[PDB]
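Q: Pasting a structure here, questions to come.
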DNA sequence: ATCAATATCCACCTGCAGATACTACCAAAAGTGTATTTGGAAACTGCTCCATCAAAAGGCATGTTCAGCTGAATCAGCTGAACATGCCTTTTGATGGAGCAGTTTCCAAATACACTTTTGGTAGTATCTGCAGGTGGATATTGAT
DNA sequence: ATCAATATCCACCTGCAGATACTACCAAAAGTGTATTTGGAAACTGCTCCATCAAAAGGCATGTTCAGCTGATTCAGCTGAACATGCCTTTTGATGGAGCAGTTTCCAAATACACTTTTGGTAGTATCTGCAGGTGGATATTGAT
Ligand SMILES: [Mg+2]
């Protein structure tokens, strides 16, 4: 490794059109201008909660790699069971 | 003067519950609606409680049958054992 | 060389029984595997609790039976109870 | 005739430290007992899963710790962890 | 030399199920009919989902069930929908469903 | 003859907790410190609630804690409220709270 | 002949009932409804007194909270009067529907 | 030139996206967000690519279902436009806030 | 109604990523017969649970009357959809290097298990007392004028 | 503004429901001494995960234009709040009566244990085939007029 990259503001990588698509799938016809920042914030909380639990499982196992299983168990704890990734 | 048991859950009692829930004004249709919801609530919980009773080979539903039923229904109750 | 079990071959047999000329993608199979594991733990979990509640130390087919009635909705519960009872009965007389 | 075990005495002792001239109603005690039992079950159940996930046969204080971190909210987790490690330290260095 | 599966009339592996019940520490003892009953329940459930899923495959002119087919099966069926009310099927999408008022004209 | 609770400096029964852990089928084996740790955590949380519950009795001109005080303690504290977010404390009632739009026009 | 404005007594009852903890449905009618419903699952059933009580506590806590959400839904539609559609919306978002 | 009326294309997009199952957020930006959030919890983490994919499937399924609930809240208010107050009401009734 | 721009449809073609096809250990089923242990079974006995009715205790049903809320109608200001244009960012498919999972085999530290002494915790039973509920009188809120 | 009706607040009093306190067992703690069982520690080999760079492949960003939605305003009609009068159901509490949980003690069936043999299910390597994605031309939907 020559260096290591600094991650900042990646929430803006969740673009207005991507958010619009998700709304569309959710059956939404018309979208107020403020929705995009609100959704970004809601997604950030969602990810924080799940990643925190996933990472806790990673650490408990003394690993440095977050496995699909860490995420699946994290998701399960939070009443958001996922099928298709090993549990 | 017959009148089904559900109707025993009276307008004023439903009114009182609403009040504890901070409700100021209540449409006349709410009373029937509420009775319906309470019935579905009681069905789901009682069913599971009785399933516990039957399993224990009893003819009496215990507090614990109910407590366990509420737990598994995501409605944990404190103060009645367990 | 690392070993990993799944219910896939069983899911595939059952698939072959109900839709003889129908296949299944590996991702669909992965979901089917998840589903079985998921329902396995829920039934076994309920059975576990049920035993404890009654100061039993054994999980018998009667615990699984009650767990199924607790866990599954109405019509699925009814039919799963048949198939379970049926299988147990056959297993007893077959031996 | 049978003995009915309860956390009530310990709850009562802890009440005395925290509020020496405060008592407690029957029902309020019952609630406190439920609360201890519930939290017991949640912590243990999570610790149990941790061991299973990691192919271990033992529930050590490490599982309890991780379990607490998973279950308790931020600041409550922090203090609980310190109280736990404290208790384990005092107990180990005990001749 | 007979499997307990074939003894019970089951495609699902009873030996396996007995074993997993042991390792899961659900109780001290596991009765002999427990894994037989559970394997039958598991098999019943997967047959029910596979049936409806295969039908969804067919309604979409396909030979191979994919996750979307499993999702259509589950979500279109009241009881499977509830059983899996709090589960996400990766790559399942959603049911086509547009609310009335959102449609044009009067 | 000295108790593990006194050794660990605890009011809560380390002995009982160890037992309850074994007879809970949570795992094949239970390490020595686990019940110590667990017991501490239970004691801690109890003291947290009893503290705030005591305070609540105090504010209401009372010396005996009733369910109401436990309710006020729990639901007025963000963290306890979340921990107990899906729990019902019998005879607790609710926090006084009226939505401001329902207030008469001052 | 003094008369209180519509909603004044309502507000008063909110304060009164939010202050207390008594159960708000009469015990007996609740008991009948419990037993009636139980009867369809198993006949000739008996109930511990505390079992009925547990059921009432849980039911009333359930319904009170549902009225809070219901109320929020009515306020969302810029009303102050709860309606069935408010209950229906609350239950749908809760995943009860 | 030809122009569709406001809402026509929107309804088209609803049918299209409700028909398909691919992820609607871009693979890499979502990856960055995961790594950033995680890094703030713990430095020097790696991710199995399928851990990231599992998070994406979970995240998109949460968001699509939140928008259905949100949409229901807008329509409750007799609107066809979702607003932050709609998301907030959904999340409150869901017990998320 | 017609007329035309643009989206959608269904059906067929085709190579290829992702299925299904044949194969050879081995972890895990099955079998077989000692040895333990559970939990129905049966017979109890004693709390609670149902019923009654007696008491009082009290809350709820019904009718009238009007305040003020909800919903319809109307409208302007302006947000948010559609779409044109220009270009960055993600996607995809290389490669290579290290960083870390994951498999295996050692024993030292730790937990089980069994058995014997020594409590702490519980049920029974006997005292003590917070406070629910009532009373009186002072003043606050609300609503009319 | 005043004037009054009624709700609300505080202080003080009191008996008893529901606390705390004191006691005599004993099931389950802790003690003591072998009997297994575990999951780091070191030492492998060996992938996936990360990083980069180039080309390819598409989606994103921004400005413009105006359709039609949101939210403010105003209004009238109806419906739900308030409250009087008026009846009947619930609460209370012996009674006491009996049922059925919960207590104890039994043993026979079923479960754990252990070993030795026999699979079935998995990982490795090598052909088959649904269908994604492209294209074609036929037809549907939308919106102008
Ligand atoms: Mg950072």
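Protein chains in written order, with the deposited numbering: chain F, 16 to 102; chain B, 21 to 102; chain D, 28 to 122; chain H, 28 to 122; chain C, 14 to 119; chain G, 14 to 119; chain A, 38 to 134; chain E, 38 to 134. From the three backbone atoms N, C-alpha and C, an ideal C-beta is built for every residue, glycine too.
(1) Residue 44 of chain A versus chain B: which residues are under 8 angstroms apart at the beta carbon?
(2) In whole angstroms, what is the alpha-carbon distance linking residue 40 of chain E and residue 88 of chain C?
(3) How about residue 64 of chain F and residue 69 of chain E: are their beta carbons less than 8 angstroms apart?
(4) Of all the options G:56, G:57, G:53, G:84, which has the alpha carbon lying nearest to the alpha carbon of residue 68 of chain G?
(5) My parser needs the beta strand (DSSP E) runs of 3 or more residues fully inside the segment 24-101 of chain F; what are they?
(6) Comparing alpha-carbon positions, which option in F:62, F:33, F:69 lies nearest residue 50 of chain F?
(7) Please report how far the alpha carbon of residue 83 of chain E lies from the alpha carbon of residue 62 of chain D, in whole angstroms.
(8) Anything in chain E within Cβ reach of residue 36 of chain F, meaning under 7 angstroms, just list it in chain order.
(9) Got a sec? Which residues, its chain only, sit under 8 angstroms from residue 88 of chain F by beta carbon, not counting five neighbours each side?
(10) Check whether chain H comes within 8 angstroms of residue 94 of chain B, counting only Cβ atoms and requiring the distance to be less than that.
(11) Are residue 86 of chain D and residue 111 of chain D close, meaning C-beta to C-beta below 8 angstroms?
(12) Under a three-way DSSP split, which group does residue 119 of chain H fall into?
(13) Answer with buried or exposed for residue 110 of chain C, where buried requires no fewer than 16 other C-beta atoms within 10 angstroms of its C-beta.
(14) Consider the Cβ of residue 110 of chain C: report whether some Cβ of chain F lies at a distance smaller than 8 angstroms.
(15) Can you tell me whether residue 72 of chain D is helix, strand or coil according to DSSP?
(16) Buried or exposed, going by whether 16 or more other CB atoms sit within 10 Å of the CB of residue 94 of chain F?
(17) Is residue 22 of chain F near ligand 1, in the sense that its beta carbon is under 7 angstroms from a heavy atom of that ligand?
(18) Determine which residues share a DSSP beta bridge with residue 62 of chain G and list them.
(19) Can you tell me where the beta strand (DSSP E) holding residue 100 of chain C begins and where it ends?
(20) At the level of alpha carbons, what is the spacing between residue 75 of chain B and residue 75 of chain D?
(21) Can you give me the Cβ contacts of residue 54 of chain F inside the same chain, cut-off strictly under 7 angstroms, excluding the 5 residues immediately before and after it?
(22) When Cβ atoms are compared, which residues of the segment 40-73 of chain B fall closer than 8 angstroms to chain D?
(23) Could you tell me the distance, in whole angstroms, from the CA atom of residue 60 of chain D to the CA atom of residue 86 of chain C?
(24) Using the DSSP secondary-structure output, state which residues sit across from residue 85 of chain D in a beta bridge.
(25) Report yes if the C-beta distance between residue 44 of chain C and residue 88 of chain D is below 8 angstroms; otherwise report no.
(26) Counting only beta-carbon atoms, is residue 76 of chain F nearer than 8 angstroms to chain H?
(27) For the segment 49-60 of chain D against the segment 37-54 of chain C, are there 3 or more C-beta pairs whose distance is under 8 angstroms?
(28) Which residues of chain E have a Cβ atom closer than 8 angstroms to the Cβ of residue 114 of chain A, listed in chain order?
(29) Find out if the Cβ-Cβ distance for the pair residue 70 of chain D, residue 103 of chain D is shorter than 8 angstroms.
(30) Are the Cβ atoms of residue 59 of chain C and residue 41 of chain D separated by less than 8 angstroms?
(31) Quick check on residue 49 of chain D - is its C-beta less than 8 angstroms from some C-beta in chain B?
(32) Starting from residue 60 of chain G, find everything on chain H with Cβ-Cβ shorter than 8 angstroms and list it in chain order.
(33) To which residues of the same chain is residue 105 of chain C closer than 7 angstroms at the C-beta, ignoring the five residues directly before and after it?
(34) Given residue 108 of chain A, which residues of its chain have a CB within under 8 angstroms of its CB, disregarding the five upstream and five downstream residues?
(35) Residue 191 of chain F: which of E:85, E:42, E:78 sits nearest, CA to CA?
(36) Does the Cβ of residue 92 of chain C lie closer than 7 angstroms to at least one heavy atom of ligand 1?
A: By the coordinates alone:
(1) Start at 1 with the first residue of the seventh chain, and residue 44 of chain A comes out as number 7. In chain order: 44, 45.
(2) Residue numbering aside, residue 40 of chain E sits at position 3 when the eighth chain is read from its first letter. Residue numbering aside, residue 88 of chain C sits at position 75 when the fifth chain is read from its first letter. Roughly 37 angstroms between the two C-alpha positions.
(3) Here residue 64 of chain F corresponds to residue number 49 of the first chain, with the count starting at 1. Here residue 69 of chain E corresponds to residue number 32 of the eighth chain, with the count starting at 1. No, the Cβ-Cβ distance between residue 64 of chain F and residue 69 of chain E is not below 8 angstroms.
(4) The count along the sixth chain starts at 1 and reaches residue 68 of chain G at position 55. Ranking G:56, G:57, G:53, G:84 by Cα distance to residue 68 of chain G puts G:84 first.
(5) 96-98
(6) In the first chain, the residue the question calls residue 50 of chain F occupies position 35. Residue F:33 is the option with its Cα nearest to residue 50 of chain F.
(7) Here residue 83 of chain E is taken as the residue at index 46 of the eighth chain, counted from 1. Here residue 62 of chain D is taken as the residue at index 35 of the third chain, counted from 1. Roughly 28 angstroms between the two C-alpha positions.
(8) Here residue 36 of chain F is taken as the residue at index 21 of the first chain, counted from 1. Neighbours of residue 36 of chain F on chain E, chain order: 54, 61.
(9) Your numbering for residue 88 of chain F matches position 73 in the first chain. For residue 88 of chain F, where only same-chain residues beyond five positions count, the Cβ hits under 8 angstroms are 68, 69, 72, 102.
(10) To locate residue 94 of chain B, count along the second chain from 1; it is residue 74. Output row for residue 94 of chain B: interface = no.
(11) For the purposes of this step, residue 86 of chain D is taken as residue 59 along the third chain, with counting starting at 1. For the purposes of this step, residue 111 of chain D is taken as residue 84 along the third chain, with counting starting at 1. It is not a contact, given that the beta carbons lie outside the stated cut-off.
(12) Against the fourth chain, residue 119 of chain H aligns to sequence position 92. Helix, per DSSP.
(13) If you number the fifth chain from 1, residue 110 of chain C lands on position 97. Under this definition residue 110 of chain C is an exposed residue.
(14) Within the fifth chain, the letter at position 97 stands for residue 110 of chain C. At least one chain F Cβ lies under 8 angstroms of residue 110 of chain C.
(15) Taking the third chain and counting its residues from 1, the one referred to as residue 72 of chain D is at position 45. Of the three classes helix, strand and coil, the one that applies to residue 72 of chain D here is helix, per DSSP.
(16) One-based indexing of the first chain puts residue 94 of chain F at position 79. Residue 94 of chain F comes out exposed.
(17) The residue labelled residue 22 of chain F in the question sits at position 7 within the first chain. Result yes, Cβ under 7 angstroms from ligand 1.
(18) Numbered from its first residue, the sixth chain carries residue 62 of chain G at position 49. The partner list for residue 62 of chain G (beta bridge, DSSP) is empty, contrary to what the question assumes.
(19) By one-based count along the fifth chain, residue 100 of chain C stands at place 87. Its beta strand (DSSP E) spans residues 100-102.
(20) Position 55 of the second chain, counted from the start, is the residue given in the question as residue 75 of chain B. Position 48 of the third chain, counted from the start, is the residue given in the question as residue 75 of chain D. Rounded to whole angstroms, residue 75 of chain B to residue 75 of chain D spans 13 angstroms at the Cα level.
(21) By 1-based counting over the first chain, the position of residue 54 of chain F is 39. 34.
(22) 68, 71, 72
(23) Residue 60 of chain D sits at position 33 when you count from the first residue of the third chain. Residue 86 of chain C sits at position 73 when you count from the first residue of the fifth chain. Approximately 16 angstroms, taken between the alpha carbons.
(24) Here residue 85 of chain D corresponds to residue number 58 of the third chain, with the count starting at 1. Partner(s): C:42.
(25) For the purposes of this step, residue 44 of chain C is taken as residue 31 along the fifth chain, with counting starting at 1. For the purposes of this step, residue 88 of chain D is taken as residue 61 along the third chain, with counting starting at 1. Cβ atoms of residue 44 of chain C and residue 88 of chain D: closer than 8 angstroms.
(26) Start at 1 with the first residue of the first chain, and residue 76 of chain F comes out as number 61. With 8 angstroms as the cut-off, residue 76 of chain F counts as an interface residue toward chain H.
(27) no
(28) As a position in the seventh chain, residue 114 of chain A is number 77, starting the count at 1. Per Cβ cutoff of 8 angstroms: 113, 114, 115.
(29) The residue you call residue 70 of chain D lines up with position 43 of the third chain. The residue you call residue 103 of chain D lines up with position 76 of the third chain. No. Outside cutoff.
(30) Taking the fifth chain and counting its residues from 1, one reaches residue 59 of chain C at position 46. Taking the third chain and counting its residues from 1, one reaches residue 41 of chain D at position 14. Yes, these two residues count as a Cβ contact at 8 angstroms.
(31) On the third chain, position 22 is the one that residue 49 of chain D refers to. So no, residue 49 of chain D is outside the interface.
(32) Numbered from 1 along the sixth chain, position 47 holds the residue referred to as residue 60 of chain G. 41, 44, 45, listed in chain order.
(33) Translated into the one-based positions of the fifth chain, residue 105 of chain C becomes position 92. Correct list, in chain order: 80, 81, 83, 84.
(34) Indexing the seventh chain from 1 puts residue 108 of chain A at position 71. Only 119, 123 meet the Cβ criterion.
(35) No answer is possible for residue 191 of chain F: the residues shown for chain F start at 16 and end at 102.
(36) In the fifth chain, counting from the first residue as 1, residue 92 of chain C sits at position 79. Not so, every heavy atom of ligand 1 lies at least 7 angstroms from the Cβ.
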